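Protein chains in written order, with PDB author numbering: chain B, 2 to 272; chain C, 2 to 272; chain K, 2 to 272; chain O, 2 to 272; chain L, 2 to 272; chain D, 2 to 272; chain A, 2 to 272.
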């Protein structure tokens, strides 16, 4: 079993709604860009992007409390709901600054299945975030709320945010502080990323990154990441900014849940 | 209708006192300049100005707490009361700094129908305000208190505070964090502003701006803003600093509630 | 439909896990007898029973905190979890006395989808329970936790606990105080029960009762109850004390979710 | 001038939604019988009854938190919402026992304009209720929530619950403890009731009682009560159990708001 | 293992100090009689009784906080500490009345490894204790403190406190409410007690009772109890009031931890 | 009249102890210089200065908590007590920095009749003080404690702290944030100060300032200030550092309470 | 006996699980490097390292809460658990910055036997840490939780972090503020370190430091440190990054618990 070591009935129950019973993997679609980047392609009509993506395979979605109270359909099949707790914007005089904008209690009373926090390890006064992650991890432990920690090496003195050692360190940091799952950048090659995965006691979900050149490159990255040990993927733009949202997620699901090869999943992108 | 998603009995009930049942639009008159600018034309005799626009069919007013305890008419059209929670002054060594000076509880025990907060996205340590908006959004959700978030792109590195992308981003930011209604600057043209409106999940009320030159210009801006998708307007100086407060508000109400044109509107200004 | 007028996101989300999307009905299996009656046939091996009732249709189970942390399938058909908050025993000098033994917070941090309380209207100092139901309804409203109120007319001066008037009163009492769903005894005939259903603003789930003499009689009662307006059934002993737990629940599900008749239902009972 | 000694901005604002600006009187329709008596004629379809009486011109209704989530309309004319805090039933082993079942905070976050409590002065351990009224009055004072205290002389040693001295005492008791408005039985004659009114510092609203037999008798009682000094009436059954709900309330409103005599009034009831 | 279903790191860690790693059984020596019966043979010199019993093989000792602050050896053999939370005396006008006299927090800050509560199911107002057990179970769950619930069928209408059905019910009651371990009377025969054990989801520890006649009868009862399914024994008087405390406990440990037989057990008693 | 729109029983009652019933004006003597300047002429023997300033007419003094426990008498004429909440010293690396050093609760439990706070609008991080004034205003509103806000335009970029526009702004700021009374510098001429008075919704008390070299000059300023609209004066040094404390206050009282002319007044200074 | 003065029952009980009864010394293995340095040799497979170090005779391990949730076993000699409360990373823009990331309460509900905090005396704003240590010392005193303060002289103006005077000062600082045990660097020679030990009222545990060149040098340092007065050692890398973890710890235990000599102890390390 994947989480067969966590002493928390509540966490298990809720983790069951974000991971696939059979594959023990997960396909999460982050849709929180509205806060940091503003209205972007694909995130204007949330209910559309959400319902589709669900129809395409996704296990759960990532959203800010302000947007949940809206994009609720309860129509098509159901996907897990992860509420983001961090805030920060590009237009801010310090883009890397992240602050807690939502409480764990708020998320649970909204019916969320998990909460996520973003930590830019290496940014100015990032230690304040260490404390945040640490304290939030505790309230999460109490409420039986699964916590996803998105750890990224970003700051003034960091040129390569994908450096293997830094990413491995950041991921471990999140597990050490109490996160149940860790989100982070793929290092570029199967071997270095495998180090990130083996160096972190908690399941690691890989980030998709900016919109890729070809669906083959993108789908290949995910394939490699999985073969390295990832417990799933958390793709945003590469999915909802695609021409065929339903199809592209189908591909991702094929690769992640069915171990299907790239050449195959690629035939799902029906125009 | 308007708030089709809002799932909070208390908020609905109170929103009914700030929006027009028939038009589903709103005319709000901000009268909080006393804190940031001091005693200015039109705000010396509050009870006069209140009932002035209130008589002009204004739905609600926006006062600070230390004035409402004074500004209590008892006559003239019962208008909604919105209590401002933010504070900051021009005489401060940092004019863009906004701080919470009133709690949501205080506002509700004063019989307010809604509360408003000001966020200068892009200013120094603006992330502190993100947290404020986020946390206040939650207490508002709890007390069933409608929250109006006035989002403005202002800061050291922002030359054009009316830039379409920045304004659209700021507006979205407010909705994402839990605001029920968003106040913001009109971008200048119907098309760009329409992007602001469509990019924000919550109703958007447009700001009037400092006193303009000719009324036609002013009434035209409001007309364009409405045709772009605004759910109403929040005009301050352009109304209470006018020669005919009652008439100018009548004009605004004509345009906003009855969809009249500029020519028609002006006909209500007796001077 | 069933729930349109519940303006609370958390409750909706959780109610989706106890009601059938298509039929808008529910089959609940109470397994809390351990507290009031002790170890009885069918409740010795909980994981077996809960599993049996699960891989056979039930959309949820009712247990006490100290049993959830025990019998947890985790491998099979996912059923909803309802945590009981009331306590009382037959061996007590006052069997009708019910007390709160578990808090709503405990239930939510265990991943429960709803909580239930038992109120013996008419028993000694039953007003204490009115307050309990009232206060608990509030904390439930806050946490977005669906509340099932099991209302029963029981006490010294009540000969017929199935009297139509009393039952209708008790059901209404529960809804008036804030319950989202009401559990109660079937009055005996379709017409009187229809009065209970129409007199109560909230969905009414009918109780199965102690062992009926035959499966046809039992299945007929459920059939009549549904035709009267019940939103589902909450059967305990009649199901887990049956010779074919999986089959008998199949029958109940057939009648409740598929409006199937009884001859077609009786067939489900694999004997 | 009705409320002068009220120095509670919040209370004033909210009282404006339950009293008529011009007549300074009020017509309240209690619809809380569901808790104490069960489903009765007129209270089965709440949304129907609420609309009709509101069309009648009635200023406000009195419900229980359970029903509010079942009486929102946004259909026709809006009426004030008073949330009842007390609970007790006829089926209880002690019908005169009243307990707090809802908090003042709950009521305000639901958008209520006032709260009411029932006190059976003279019943067993009624002193517990004195404390309740006393403490609730304080929380009401804090939240700016108008409090209606329904004071009744009921108990083992009280034969005549309409006795002038007892009723006058009970009314005074409510005002002394902090209630803003007092509900009570009409003593039978204009002179004795005038004593109740003059002996109580707070406005007194009279109760309708059960169905007197003929329109005239009922409307006469209200007429006499008003002439005695009542600040309005709180009629339940006599109105919603009538054949012409809209008309009968029209009559009551005529007498209470327009000082019309019974002859003119009855002209409103289309029978 | 014994606690396979226990998901709680803190409870596991502490349970390791009261149970034998190899046998997964436990020998507890209750020394709380001081409160209910006063100074009795064997409990006058606590530190003495505590090390001889610890020399023999005791795994834990039960004591009221006031005794704990005294009998600390720091030499001998380290045993688990269980702090009793209940209180009641024989000299009381109601001996069966038990009240919480110590909080869970007090126990944990004293370094206790577990807490115990006594519940006389069937006594006057025993429902008050149901609530106590329920609420205490929750705080125990929070602090990761193992809870031992001593359930006994005692009251006015109970002639046989050792009745199989009653004892099985009482035991189940404790597990249902959240206890981790249950203390109770041996029913008399291996078969009936086996029903108690199988009807209770939590490990069951058997009570020794009053000094039965010989070391053979006593040791036989323990032998039978173990063969029935007991997870250990909690013997008080039969051990510390014995002539050879160290030896008699040795015997008990032999039977409980090594499955030995009464014969090769008596060999422990140094006459 | 004066305290007209104010709706707070507690505030009214206490304001009656700092204002003269007949003139509706007030003479306050600040004696808090000990904190910011150290022991200065006149403040060494507090009880002396406080008995003198009392006899001369004063209606209330102003001290820090640690001095009230000194200037208490009973032997003489009673005066109001105002407890200062702000702290800051000249010897500090930032003299304009003011911090809350005493809570409102402390003041009320000392029998204070009002509290005061100092705000240097325009100083470094003065927004922190805005929040302080704002929050304190609320606790004051709750305890029915009159709040005097001493608003001064002081900071790096302010050359003229007596500038009419700045002072009028600062005064308005205090009222807007919830102060009941405002303390501030006299602008120099009757006309500009009249603007400060009319631009501020709350009564304005004028500061005496540094001891000017003529009594006529001093008494003239007070005379002009009163004729401009001041509700009283708050003179420190000009009074207690005078040769005839009793006489000089007599003069001030003559001018402020009896509308004397600067001539009859001077006939109070015997010295 | 060691902790003779300590008058804390809870602390004593727990200290018994980290110190050896006979030698009154302790061998602690810090495994918290994951947070500050990332995944390093020896810390990838925690359960492995932990049960091997445990097998070697170490008393307690020390890790962050996030990691305790994984590496736990129900076999082998169970060692003490110390939960680290401080956080900080090498990748941070300020490596010497330490922040509280875990609360004392969290540690005790996880079954910890002690908590540790890291204080870099001399670093930027280190006074913030003084407060942390101080306040945490109090909560520890309350919960009966042993506190280990790791005091190190590190900062901009400190060239030699092993300077005798600085280390002695840092150690005393920890004891003065309430720590029960102090961790610190060995000064280099037996005489200077003896000053550190005698200048600190609390037992001092020495740090191992970086992986030494040879086993003899390392084991010699420990030998000297013990002969100077150390109450034990806290070795990290030198142990778990060794080729024979079980053997090297055996050596350390030999030297620390048996006073054996380096060479006899070196006879425990196998190739």
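By construction, the Cβ of each residue, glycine as well, lies at the ideal position given by its N, Cα and C atoms.
Using 8 angstroms for Cβ pairs, my map puts residue i next to residue j. What's the rounded Cβ distance?
i, j, result
"residue 167(B)", "residue 92(A)", "6 angstroms"
To the nearest angstrom, report how far apart residue i and residue j are at their CA atoms.
i, j, result
"residue 223(O)", "residue 199(O)", "18 angstroms"
"residue 265(L)", "residue 145(B)", "50 angstroms"
"residue 126(O)", "residue 133(L)", "26 angstroms"
"residue 202(C)", "residue 42(B)", "15 angstroms"
"residue 241(A)", "residue 50(A)", "6 angstroms"
"residue 63(B)", "residue 14(B)", "18 angstroms"
"residue 243(C)", "residue 219(C)", "12 angstroms"
"residue 112(D)", "residue 130(A)", "39 angstroms"
"residue 195(L)", "residue 227(L)", "10 angstroms"
"residue 215(C)", "residue 4(C)", "34 angstroms"
"residue 87(K)", "residue 173(K)", "20 angstroms"
"residue 162(A)", "residue 138(B)", "34 angstroms"
Does the beta-carbon of residue i have 16 or more other beta-carbons within 10 angstroms, so that it is buried, or is it exposed?
i, result
"residue 90(D)", "exposed"
"residue 77(D)", "exposed"
"residue 10(D)", "exposed"
"residue 250(D)", "buried"
"residue 2(K)", "exposed"
"residue 175(L)", "buried"
Just to confirm before moving on: does the CB-CB distance between residue i and residue j stay below 7 angstroms?
i, j, result
"residue 152(L)", "residue 183(L)", "yes"
"residue 211(C)", "residue 188(C)", "no"
"residue 27(A)", "residue 60(A)", "yes"
"residue 12(D)", "residue 147(D)", "yes"
"residue 66(B)", "residue 237(C)", "no"
"residue 159(D)", "residue 123(D)", "yes"
"residue 229(K)", "residue 206(K)", "no"
Taking Cβ positions only, does residue i come closer than 7 angstroms to chain E?
i, result
"residue 112(A)", "Looking at the structure shown, chain E is missing, and the protein chains on hand are B, C, K, O, L, D and A."
Residue ranges of each beta strand (DSSP E) within the stretch 81-163 of chain O, 3 or longer: 81-85, 115-122 and 148-154
As an exercise, report each continuous alpha helix (DSSP H) stretch of at least 4 residues that is fully enclosed by the stretch 172-233 of chain O, in chain order. With a minimum length of 4 residues, the continuous alpha helix (DSSP H) runs that stay inside the stretch 172-233 of chain O are 191-199 and 216-229.
My parser needs the beta strand (DSSP E) runs of 3 or more residues fully inside the stretch 27-90 of chain C; what are they? Taking only runs of at least 3 residues, the beta strand (DSSP E) segments lying wholly in the stretch 27-90 of chain C are 27-31, 61-64 and 81-85.
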